[PDB]
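The chain below stands alone and is given in structure tokens; this is the form deposited in one PDB entry.
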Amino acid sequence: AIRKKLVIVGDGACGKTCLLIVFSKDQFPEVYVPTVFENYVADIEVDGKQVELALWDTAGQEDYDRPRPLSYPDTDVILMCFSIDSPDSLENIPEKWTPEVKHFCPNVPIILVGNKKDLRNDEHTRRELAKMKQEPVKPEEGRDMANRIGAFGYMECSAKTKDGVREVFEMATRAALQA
């Protein structure tokens, strides 16, 4: 297999760990783990190519003992995530994650990923955002942000329902394979 390294970044609680675990293990987790610490290397075939994809989960600022800069060397593709239930997590894409990723991983392809797509039509989510004069992120807003940051693509998924999960990793693998 062709070997590639994937790093996932984005705001705390936007669904990074659950996305990796659903992709890797095909089951939504029952216990809470801030960052996947088991070594996961996933086998995936795309366009008739066998690829081994190392999945590197990342910690928040508060985890000073496991700092994120150590994750960036030799990265082949980035998943840069926000949550569709959190317009705040989208605004951090240009203001925090893109400056960080492009600093440490110049010229590495980025897939922008909108997580928790199942919450777009969730009424608890709608009600809570409405009290803040907010609403769920629209797909067009994600695509616009993908243009702004020079992402290779924009994808939406739900780790909870599995919708779009495989496709995220397939797109990321295709990006990582580009010469």
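In this text, residue numbers run from 1 along the sequence as written.
One more form of this protein, deposited with a small molecule bound, exists but is not displayed; see below.
The shortest heavy atom separation between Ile44 and the small molecule in the entry with it bound is within 4.5 Å. Mapping the unseen interface onto this chain, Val22 counts among the residues with a heavy atom inside 4.5 Å of the small molecule in the entry with it bound.
Though the partner is left out of this view, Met155 does not reach within 4.5 Å of the small molecule in the entry with it bound, counting heavy atoms only.
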